[PDB]
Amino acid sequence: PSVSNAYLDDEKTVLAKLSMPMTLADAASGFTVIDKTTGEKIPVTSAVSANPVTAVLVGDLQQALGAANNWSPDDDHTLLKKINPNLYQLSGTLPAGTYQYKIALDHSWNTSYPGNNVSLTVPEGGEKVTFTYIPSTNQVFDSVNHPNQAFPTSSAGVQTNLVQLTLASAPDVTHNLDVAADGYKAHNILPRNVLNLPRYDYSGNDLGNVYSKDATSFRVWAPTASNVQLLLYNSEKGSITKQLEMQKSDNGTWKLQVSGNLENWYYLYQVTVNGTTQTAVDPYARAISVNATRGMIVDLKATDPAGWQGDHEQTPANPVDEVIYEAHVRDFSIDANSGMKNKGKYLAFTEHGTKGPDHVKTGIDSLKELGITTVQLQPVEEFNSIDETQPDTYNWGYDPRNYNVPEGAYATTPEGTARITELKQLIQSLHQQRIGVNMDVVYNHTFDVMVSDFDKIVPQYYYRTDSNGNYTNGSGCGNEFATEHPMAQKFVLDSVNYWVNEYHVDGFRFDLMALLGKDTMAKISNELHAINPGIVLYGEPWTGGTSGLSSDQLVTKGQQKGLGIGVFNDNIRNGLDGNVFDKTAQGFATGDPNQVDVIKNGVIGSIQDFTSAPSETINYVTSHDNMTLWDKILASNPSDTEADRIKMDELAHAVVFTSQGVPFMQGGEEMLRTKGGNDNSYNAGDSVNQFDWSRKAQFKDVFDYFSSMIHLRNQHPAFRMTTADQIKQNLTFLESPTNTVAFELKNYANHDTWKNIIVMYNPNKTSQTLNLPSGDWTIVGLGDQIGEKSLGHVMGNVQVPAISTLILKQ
């Protein structure tokens, strides 16, 4: 029989879990707290149940109290409010008459009180009535039937296995604190939400190491530590060179200035918390030993490549001006046929004039040819899954370990600062070609807990835990980062600022962004847009498991409104090729006849679905997750010809490229990249994941079609309206045949040089006709030909070939 967990969640509040329930008594209810460091006893002044109570007044009085319907237990319009932990009340004014009521719990009729319906007569003229529910006894009162009934201010009687304790004094968060109750084995009290308080909130910009020729200063946040020492090493693998005591400083930080030139030195923090001492790599380290056994102190200036002072950012006026191309650094160039020398490395992106099979352009020259504006790199923040001494193992990188360090496996060497210079050279190279770089970042969880630097410095606090003391599984990977904790939020904010400032990155794709929370994303957006309003920010509006964060804060679709961030649009994705759960499901592009309305909603940049502005939707059909489109269409359309499947693939992407919003594509779709049907290729290796550049030679017509669509969008801002009002003003759907979508962009929309543009998607296996508005129309997109030039003129009516997109202009 034990207290199984205990948290200090406020200066004088402990949340304790018991291995079996108890009935609470007066005051302390048998609970004791001792500071085992000083021997001092701290009196428990109050003990209440921490379990929430959802008690709703139900009956035929519910409408009269503002509810939509009577007898409705799930209508929180008449939810009772907490007066004290053992007193819940609701007041409201009722018109004269006879009523009936109960109190229903937990939004159902499973449990309601009392035994029977209660009769209530409201006298002439009406009356304000108070309704009361007492958790300890399940008693239900109203102020008419029981005018001055007495209400308790004790939780005695309440049965619970989860208790909230109030303490007489605030314990020292660095001390060994214990809680016990009569008949229950004692447990340590771990500081948790107490650390949220302003006294433990450090707002300086100097966490980590700050290097100069004359001295390096170190600062780490460790508010519960009894001691922190700095361990300095003058070699990557050799024994400790110098061990130094750090000094307790502001708001739970420890600091130290070390005189001398520490360039290329290595270090660790040695942190003593309560009953144990461990070493940790600085979460703010900018470089590491091989495999991050140690942090490395470096001169960042010396890492800049030549010409870096001339580098210019690639951030357009609005996110709808980007065409985003997702690529993994290894996949891009690892194939023997890639024509790039630095195979699987950052530096492959610096190579001009590279050629593949049958003289196709590869590498950056291929990106240039294709017309995409922005490369989204799969994770390049240091992750755990690749041993840097074996840098050719394969991983996507969704297991981050050192957030402020470039992944070593993609550098020519993991030694020292080559990884910094080479990633900067990648970014520099792309910028020289007017291509931006968005980083896929994984702030929502770490590779593991307990052995993580976070848990070795401030036990559990960087992660979400439940009332049992277990790590919650928001990411699906065993843990989730607690952005509702101010210093954890600060860690993320400092990190994204560092990547923009030091590496000149142009934006971020937030893995499982819903988990980061609205308040956090608003702050990220505000801070980064203050640096550069053109920075583009977006991410996945879903989780990977049940999250500890309240649903009101999760950034699901609709929650991004007005924040200056976008969400991946799984509605248009499912509409294009079928629900993600069913491999054989068809969608609009591939034969399903029931998706027209979904597609129309995507065409208008989702402004009637979940966005306030078209910049808030990232439109797409595939990504690194699940199947490539070529593989997906083989699964859903196995009986269709190669030629028709090519048309379907092109059509799905044509919708993405011609819809209002932010178009995104999985890199390699323009050459029908195949994973051999793999639907989760995170560690599957190069035969599965690589860019096989022979497929660009094989499917050059497909590549050219994609390029022609992308260049058309780049040239025509009517496709890239920036507000909902512009879209409502300028975009009209035209009457068209069953299972087709046709629209017109009017009025030289958004400063287009074409007065009217018509687009029609025809997914059907026969040609379809469209009635045209008045005047002469110039065909610019017909069948396999898309461009700026006249393909012929028509009036009145026009035929759209099977499985294709028609584009006309006037």
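In this text, residue numbers run from 1 along the sequence as written.
Asker: Looking at the deposited entry, does 11-19 or 797-805 carry the larger mean Cα B-factor?
Answerer: Going by the record's values, the stretch with the higher mean is 11-19.
Asker: Would you mind comparing 307-315 and 709-717 for me and telling me which has the higher average C-alpha temperature factor in the entry?
Answerer: On average, C-alpha B-factors are higher across 307-315.
Asker: Out of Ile758, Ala64, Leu770, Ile779, which shows the largest CA B-factor listed in the entry?
Answerer: Max CA B-factor in the entry, restricted to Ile758, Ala64, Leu770, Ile779: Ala64.
Asker: By the entry's C-alpha temperature factors, tell me which of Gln690, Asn468, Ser495, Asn402 sits highest.
Answerer: If I rank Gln690, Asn468, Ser495, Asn402 by C-alpha B-factor, first place goes to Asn468.
Asker: Looking at the temperature factor on the CA atom of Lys41, which third of the chain's modelled residues does it land in?
Answerer: Top third by C-alpha B-factor.
Asker: In terms of the chain's CA B-factor thirds, is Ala170 lowest, middle or highest?
Answerer: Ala170: CA B-factor falls in the highest third of its chain.
Asker: Hey, what third does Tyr88 fall into on Cα B-factor, ranked over its chain?
Answerer: Its C-alpha B-factor belongs to the highest third of this chain's values.
Asker: Split the chain's modelled residues into thirds by Cα B-factor; is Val505 in the lowest, middle or highest one?
Answerer: Lowest third of the chain for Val505's C-alpha B-factor.
Asker: Taking the chain's C-alpha temperature factors as the reference, tell me which third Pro414 falls into: lowest, middle or highest.
Answerer: Its C-alpha B-factor belongs to the lowest third of this chain's values.
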